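The data below hold one chain only, encoded as structure tokens and taken in the form deposited in one PDB entry.
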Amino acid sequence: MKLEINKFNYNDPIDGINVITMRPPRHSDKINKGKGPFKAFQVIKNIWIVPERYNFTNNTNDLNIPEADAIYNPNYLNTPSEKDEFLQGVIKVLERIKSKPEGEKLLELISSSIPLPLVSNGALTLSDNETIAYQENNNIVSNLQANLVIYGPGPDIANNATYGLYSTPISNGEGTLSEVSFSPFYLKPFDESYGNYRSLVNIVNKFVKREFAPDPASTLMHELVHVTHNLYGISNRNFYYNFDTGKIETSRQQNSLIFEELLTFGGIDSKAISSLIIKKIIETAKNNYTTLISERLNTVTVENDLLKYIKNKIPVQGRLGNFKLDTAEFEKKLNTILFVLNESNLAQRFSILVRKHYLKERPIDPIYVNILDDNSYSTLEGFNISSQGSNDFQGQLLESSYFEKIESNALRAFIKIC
């Protein structure tokens, strides 16, 4: 069957199927006492959008004005019109991601790749690691499957992030429900070498550094790759890559980068990872998965929809009670997920310009863009619209009129858009 995106207005009636009031997955934590429920929309099977500010961890709890390139606005995303704009923007960006095959596969992957459930009386049974709860008048009416929840931004309204729900299943092979904090309208610019612009004739070298806005579908896809790692329970978030030694560490150092971010971003730096590291990463995941088949999956004596979901997610051979990792297929899938799927590889398939290195050399103020203007941003071509002659990334130039400057005070607070 074809993968479908559902369309919504923020004010669509609650049905308990694709429109609910959701209780935050981190409702039990102290900082989240009494928050929610929030209105939520099942854009794609097991993928939910909540037009609310992300507010559910320690560093996102306080949205006020107290990073050199942050921008703060505590009141952003708190009217119905702002919530609907957000809802439409996120849907548009998903429509863009689906428009290419590589992006369609990614989304299909996130829809179908449920975390490994617990077992109860011989049956795979859902926990709050695989579901969210529909709350109505302090009653839990139902629990509904969810692999991903996409919320608005936290304190910094141009930052994006991904959080797994439980930290043991995120790296032991089980997998875990993920939350994404995403801002489609407020983007952080980046520098890049470029020579496809009107230049004075007397200039030495046309190939100089120029400022660009990212395509917010690339931004989101970066986060969806994290989500994919989190759903397979293969997150490398506790490891650091040391650029000086070329080796993995658990403790951070002067010239390091969290290993999960290096893989997820891709490009020239991801390509310098030694076989030695690649082999251990594969190995660690094979062992974890071998263990989970033996210890958990072979305890399943009851055939249900969750079993089928799990057979499709994890390549296995054998029969009920006696399953075995189909090692070859699993290594292939693991390769697709660790090394083919990253921001840089995906961006190339979409003709989006991304920066060269994950860590940026200098901060550039964030900007505002109404990506719901089809003249500024199209689902099929982003900002690089061929009818305007933009086939070498010209539409992402920051000087483009649709990238609007934001007036901000010394404390990085939003005043207005110029």
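In case it trips you up, residue 1 is the first one in the sequence shown, and so on. Only residues modelled in both forms are compared. Throughout, rigid core stands for the largest set of C-alpha atoms superposing within 1.5 Å between the two forms.
Gap between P66 and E67: 4 to 9 deposited residues without coordinates. Higher mean CA temperature factor between 325 to 333 and 224 to 232: 325 to 333, per the PDB entry.
Relative to its counterpart among 43 to 51 and 29 to 37, 29 to 37 has the higher mean temperature factor, C-alpha atoms as listed in the PDB entry. Ranking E108, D244, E130, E343 by the C-alpha B-factor listed in the PDB entry places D244 at the top. In the deposited coordinates, the residue among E260, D215, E303, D156 with the greatest CA B-factor is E303. Annotation for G89: CA B-factor lies in the lowest third of the chain's modelled residues. Sort the chain's modelled residues by C-alpha temperature factor and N18 lands in the middle third, per the entry. When all modelled residues of the chain are sorted by CA temperature factor, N409 is found within the highest third. The entry lists a Cα temperature factor for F207 that places it in the highest third of the chain's modelled residues.
Sort the modelled residues of the chain by CA B factor and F182 lands in the lowest third.
This next part talks about the form deposited in another entry, which is not shown.
Comparing C-alpha positions between the shown form and the other one after a rigid core fit, one residue in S193, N121, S199, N139 moves 2 angstroms or more. It is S199. Taking only residues common to both forms and fitting on the rigid core, the CA shifts of 2 Å or more between the shown form and the other one cluster into runs of 3 or more residues at 198 to 202, 389 to 391.
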